[PDB]
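First up is the structure itself, then whatever we jot down about it.
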Amino acid sequence: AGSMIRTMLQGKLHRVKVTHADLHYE
Amino acid sequence: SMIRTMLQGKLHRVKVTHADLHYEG
Amino acid sequence: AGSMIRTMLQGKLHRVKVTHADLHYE
Amino acid sequence: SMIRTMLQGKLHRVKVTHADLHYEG
Amino acid sequence: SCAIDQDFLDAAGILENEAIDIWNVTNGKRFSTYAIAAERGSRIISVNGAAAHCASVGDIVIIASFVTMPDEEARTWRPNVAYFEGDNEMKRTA
Amino acid sequence: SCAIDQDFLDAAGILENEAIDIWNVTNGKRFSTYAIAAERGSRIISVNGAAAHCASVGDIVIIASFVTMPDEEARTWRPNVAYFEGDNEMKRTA
Amino acid sequence: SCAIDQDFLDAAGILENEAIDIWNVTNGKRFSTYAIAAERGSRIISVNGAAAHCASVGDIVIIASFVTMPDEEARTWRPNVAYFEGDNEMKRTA
Amino acid sequence: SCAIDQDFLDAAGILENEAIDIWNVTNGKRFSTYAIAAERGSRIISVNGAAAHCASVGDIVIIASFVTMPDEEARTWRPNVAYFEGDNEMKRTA
């Protein structure tokens, strides 16, 4: 009841490489 | 007790019709 | 229980003028 | 039911001692 | 703010006074504001006050809102997406 | 951090130490900080620390706070808006 | 939006339609979007729409999701981390 | 990330893996990352990976974390503030 709520790192992909970029994605 | 932030909704590729710098509202 | 939670404008100061700027505030 | 976002804490005017672009952690 | 045709707000489940993210496909700018209702059927997307610095008339944008909920519900959550082309013509899915 | 006349905080329902967004109408800069109370009746808007890089004396700004609430409460929610002119003279309406 | 191999989403505990932060190690750009599931085993990281202005094919990025929880749970919380090398080859440790 | 002397984390109530905002007083840059513990007594502030693009050794920064709570509690909430000068020497208040 009225607990103070933290924002915490849930998870991460560390140093993944971008494979595709699509400006016109629908 | 783990709360997620999720996409509620989106308007995909709408065009800006008007720009009002001096808006009062 | 498991209610979907919105982020809503609580309030705003509309077109107030900055009166002071202090880079070195302590 | 109105939930506020509040400053929890701050480190005021600390100096950066190190910069590591290639950090693996 | 950003004023949006109430028909578009209805389709995307976005509320008047709700926090929204605007991602500008034309100029790459990304900013956060809140939604205002424009007249139903007007097909208006109006960038008001400071936001006028981040978008120009004719810019193509994506407008998104986010909600929080427990992990158990988040696993099956389904966003409300409206698709547009031409002069803010909403594609048949609503 | 941003020091704000306590009368202005009262009118907008903004609390001391609350997260705030500042949208600079003059230069288009957008940043997030927290509210500090200035003396009641001072009409102070003071941009302190790193935020002094984003606003200057005379700049016109919007200062907004956001709260979270369930969808039903959100659908009838009325934000607390204070309108300003001249010497940071506050009014209830535009 | 960012399409991510479902195997990668599984390893990091990231859900489809979850808000994500992308931190571009190559060009220093930082932006917030949401996760889309790509085919399991595709090893896809696709930056779609306006986000294509912030990242290019070959850029090294960190993709992070954040959750909220009470302080006591936060103090013993262990984030789900996946480490990558080469052809988006995933490992449990650095 | 940002690695921070555990003594500093203790004083400010900032947790390992907590979301933090970094506001750069030197160059005006503002970004969001998460906190890592550095060795107790080291007085280290290390900007790691993509964040290295936003701060240089010697830059003066403010590091902040934010929490949510109901309005009733927020009205009396008291942030944890640590003050520094010279080579990350914490001023007597802890």
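Chain labels run A, B, ... following the order of the structure tokens; each chain numbers its residues from 1, and ligands are numbered from 1 in the order shown.
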
(message) Please identify the helix (DSSP H, G or I) residues within region 3-89 of chain E (assignment by DSSP from backbone atoms) and present them as a ChimeraX atom specification.
(response) /E:6-12,49-53,71-74

(request) Up to 10 Å from chain B, what residues of chain A turn up? Count only C-alpha atoms and give them as a PyMOL selection string. (result) chain A and resi 5+7-8+10+24-26

Output file for the residues above (C-alpha atoms, as an mmCIF file, in the first residue's frame):
```
data_model
loop_
_atom_site.group_PDB
_atom_site.id
_atom_site.type_symbol
_atom_site.label_atom_id
_atom_site.label_comp_id
_atom_site.auth_asym_id
_atom_site.auth_seq_id
_atom_site.Cartn_x
_atom_site.Cartn_y
_atom_site.Cartn_z
ATOM 1 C CA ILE A 5 8.231 1.955 -7.081
ATOM 2 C CA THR A 7 12.450 1.608 -12.558
ATOM 3 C CA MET A 8 14.964 -1.268 -13.070
ATOM 4 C CA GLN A 10 14.741 -5.847 -16.950
ATOM 5 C CA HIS A 24 9.331 2.937 -45.452
ATOM 6 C CA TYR A 25 8.190 0.012 -43.163
ATOM 7 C CA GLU A 26 4.343 -0.471 -43.126
#
```

(message) What's around residue 1 (chain G) at 8 Å? Count only C-alpha atoms, leave out sequence neighbours fewer than 6 positions away in its own chain, and write the answer as a VMD selection string.
(response) chain G and resid 33 to 36 47 to 49 51

Print the selection's residues with N, CA, C and O atoms to a file, as a PDB file, in the first residue's frame.
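Output (selection-v7.pdb):
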```pdb
ATOM      1  N   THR G  33      11.773   3.078 -28.617  1.00  0.00           N
ATOM      2  CA  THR G  33      10.818   2.515 -29.596  1.00  0.00           C
ATOM      3  C   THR G  33      10.127   1.330 -28.919  1.00  0.00           C
ATOM      4  O   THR G  33       9.993   1.351 -27.679  1.00  0.00           O
ATOM      5  N   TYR G  34       9.657   0.359 -29.692  1.00  0.00           N
ATOM      6  CA  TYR G  34       9.065  -0.883 -29.142  1.00  0.00           C
ATOM      7  C   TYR G  34       9.582  -2.068 -29.949  1.00  0.00           C
ATOM      8  O   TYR G  34      10.038  -1.882 -31.097  1.00  0.00           O
ATOM      9  N   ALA G  35       9.517  -3.248 -29.335  1.00  0.00           N
ATOM     10  CA  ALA G  35      10.053  -4.510 -29.880  1.00  0.00           C
ATOM     11  C   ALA G  35       8.990  -5.188 -30.746  1.00  0.00           C
ATOM     12  O   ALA G  35       7.818  -5.241 -30.336  1.00  0.00           O
ATOM     13  N   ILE G  36       9.407  -5.655 -31.920  1.00  0.00           N
ATOM     14  CA  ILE G  36       8.629  -6.556 -32.817  1.00  0.00           C
ATOM     15  C   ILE G  36       9.399  -7.880 -32.881  1.00  0.00           C
ATOM     16  O   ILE G  36      10.637  -7.837 -32.935  1.00  0.00           O
ATOM     17  N   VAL G  47      15.849  -2.068 -37.822  1.00  0.00           N
ATOM     18  CA  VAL G  47      15.381  -0.725 -37.360  1.00  0.00           C
ATOM     19  C   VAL G  47      14.444  -0.167 -38.434  1.00  0.00           C
ATOM     20  O   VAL G  47      14.920   0.096 -39.563  1.00  0.00           O
ATOM     21  N   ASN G  48      13.158  -0.036 -38.095  1.00  0.00           N
ATOM     22  CA  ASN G  48      12.061   0.270 -39.050  1.00  0.00           C
ATOM     23  C   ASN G  48      11.518   1.677 -38.786  1.00  0.00           C
ATOM     24  O   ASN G  48      11.692   2.183 -37.661  1.00  0.00           O
ATOM     25  N   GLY G  49      10.899   2.282 -39.801  1.00  0.00           N
ATOM     26  CA  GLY G  49      10.264   3.609 -39.704  1.00  0.00           C
ATOM     27  C   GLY G  49      11.276   4.691 -39.368  1.00  0.00           C
ATOM     28  O   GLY G  49      12.416   4.616 -39.859  1.00  0.00           O
ATOM     29  N   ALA G  51      13.077   5.266 -36.911  1.00  0.00           N
ATOM     30  CA  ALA G  51      14.275   4.750 -36.203  1.00  0.00           C
ATOM     31  C   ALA G  51      15.422   4.498 -37.196  1.00  0.00           C
ATOM     32  O   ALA G  51      16.585   4.532 -36.771  1.00  0.00           O
TER      33      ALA G  51
END
```

(message) Matching each Cα of chain E to its counterpart in chain F by order, what RMSD results from the least-squares fit?
(response)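 C-alpha RMSD after least-squares superposition: 1.5 Å.
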
(message) Here is a test: counting only C-alpha atoms, which residue of H:41, H:86, H:70, H:28 is nearest to chain C?
(response)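 Under the stated criterion, the closest residue is H:28.
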
Show me, as a compact mmCIF listing (two decimals) with C-alpha atoms, in the first residue's frame, the residues of chain G whose atoms get within 12 Å of chain B, using only C-alpha atoms for the distance check.
```txt
# COMPACT_ATOMS: atom_id res chain seq x y z
CA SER G 1 10.00 -0.02 -34.34
CA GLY G 13 13.14 -11.42 -21.28
CA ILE G 14 11.84 -8.72 -23.73
CA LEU G 15 8.18 -9.11 -24.89
CA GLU G 16 6.75 -8.31 -28.35
CA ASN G 17 5.24 -4.74 -28.22
CA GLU G 18 7.36 -3.88 -25.09
CA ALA G 19 8.96 -0.39 -24.92
CA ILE G 20 12.76 -0.62 -25.56
CA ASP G 21 15.68 1.84 -25.41
CA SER G 32 13.09 4.77 -27.46
CA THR G 33 10.82 2.51 -29.60
CA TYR G 34 9.07 -0.88 -29.14
CA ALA G 35 10.05 -4.51 -29.88
CA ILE G 36 8.63 -6.56 -32.82
CA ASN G 48 12.06 0.27 -39.05
CA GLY G 49 10.26 3.61 -39.70
CA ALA G 50 11.70 6.85 -38.21
CA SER G 65 13.90 -2.91 -21.50
CA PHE G 66 12.97 -1.46 -18.06
CA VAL G 67 10.29 -2.73 -15.62
CA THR G 68 8.88 -1.22 -12.41
CA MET G 69 8.77 -3.03 -9.04
CA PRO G 70 8.75 -2.18 -5.32
CA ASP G 71 12.08 -1.22 -3.65
CA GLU G 72 12.56 -4.56 -1.77
CA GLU G 73 12.23 -6.61 -5.04
CA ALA G 74 14.46 -4.02 -6.85
CA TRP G 77 16.66 -7.95 -8.89
```

(request) Give as a list in words every residue of chain H that touches chain F within 6 Å, counting only C-alpha atoms. (result) residues 23, 24, 25 and 28 of chain H

Name the residues in contact with region 17-19 of chain C at a cut-off of 6 Å, using only C-alpha atoms, excluding same-chain residues fewer than 6 positions from it; report them as a tab-separated table (two decimals) with N, CA, C and O atoms, in the first residue's frame.
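Once written, out27.tsv looks like this:
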```tsv
chain	number	residue	atom	x	y	z
F	44	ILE	N	9.06	33.57	-9.81
F	44	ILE	CA	10.36	33.02	-10.30
F	44	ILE	C	10.10	31.80	-11.20
F	44	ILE	O	9.27	30.95	-10.83
F	45	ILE	N	10.79	31.75	-12.33
F	45	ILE	CA	11.07	30.52	-13.14
F	45	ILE	C	12.58	30.48	-13.35
F	45	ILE	O	13.08	31.21	-14.24
F	46	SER	N	13.28	29.70	-12.53
F	46	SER	CA	14.76	29.64	-12.52
F	46	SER	C	15.20	28.28	-13.06
F	46	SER	O	14.86	27.26	-12.43
F	57	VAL	N	17.04	33.47	-19.86
F	57	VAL	CA	16.13	34.54	-19.35
F	57	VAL	C	15.38	35.13	-20.56
F	57	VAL	O	16.05	35.50	-21.55
F	58	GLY	N	14.06	35.19	-20.48
F	58	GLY	CA	13.19	35.74	-21.54
F	58	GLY	C	12.55	34.66	-22.39
F	58	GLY	O	11.55	34.96	-23.05
F	59	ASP	N	13.10	33.43	-22.39
F	59	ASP	CA	12.52	32.31	-23.17
F	59	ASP	C	11.12	32.01	-22.64
F	59	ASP	O	10.93	32.05	-21.42
F	60	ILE	N	10.19	31.74	-23.56
F	60	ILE	CA	8.80	31.29	-23.27
F	60	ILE	C	8.82	29.77	-23.21
F	60	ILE	O	9.27	29.15	-24.19
```

(message) When DSSP is applied to the backbone of this structure, which of region 42-87 of chain G are assigned strand (DSSP E)? Write them out as a PyMOL selection string.
(response) chain G and resi 45-48+60-70+80-85

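The two atoms in question, CA of residue 91 (chain H) and CA of residue 76 (chain H), are spaced 24.8 Å apart.
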
(request) Kindly indicate which residue among E:43, E:22, E:84, E:37 lies nearest to chain A, using only C-alpha atoms for the distances. (result) E:84

Which residues of chain C come within 12 Å of chain E, and what is each one's closest atom pair and distance in Å (one decimal), counting only C-alpha atoms, sorted by chain and residue number, as a Markdown table?
```
| residue | atom | partner | partner_atom | distance |
| --- | --- | --- | --- | --- |
| C:1 | CA | E:70 | CA | 9.2 |
| C:2 | CA | E:70 | CA | 5.9 |
| C:3 | CA | E:69 | CA | 6.4 |
| C:4 | CA | E:69 | CA | 5.2 |
| C:5 | CA | E:68 | CA | 5.0 |
| C:6 | CA | E:67 | CA | 5.2 |
| C:7 | CA | E:19 | CA | 5.6 |
| C:8 | CA | E:18 | CA | 4.5 |
| C:9 | CA | E:17 | CA | 5.4 |
| C:10 | CA | E:17 | CA | 8.5 |
| C:11 | CA | E:17 | CA | 9.7 |
| C:12 | CA | E:17 | CA | 11.2 |
| C:14 | CA | E:49 | CA | 9.8 |
| C:15 | CA | E:49 | CA | 9.1 |
```

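Coordinates place CA of residue 56 (chain G) at a distance of 6.2 Å from CA of residue 21 (chain A).
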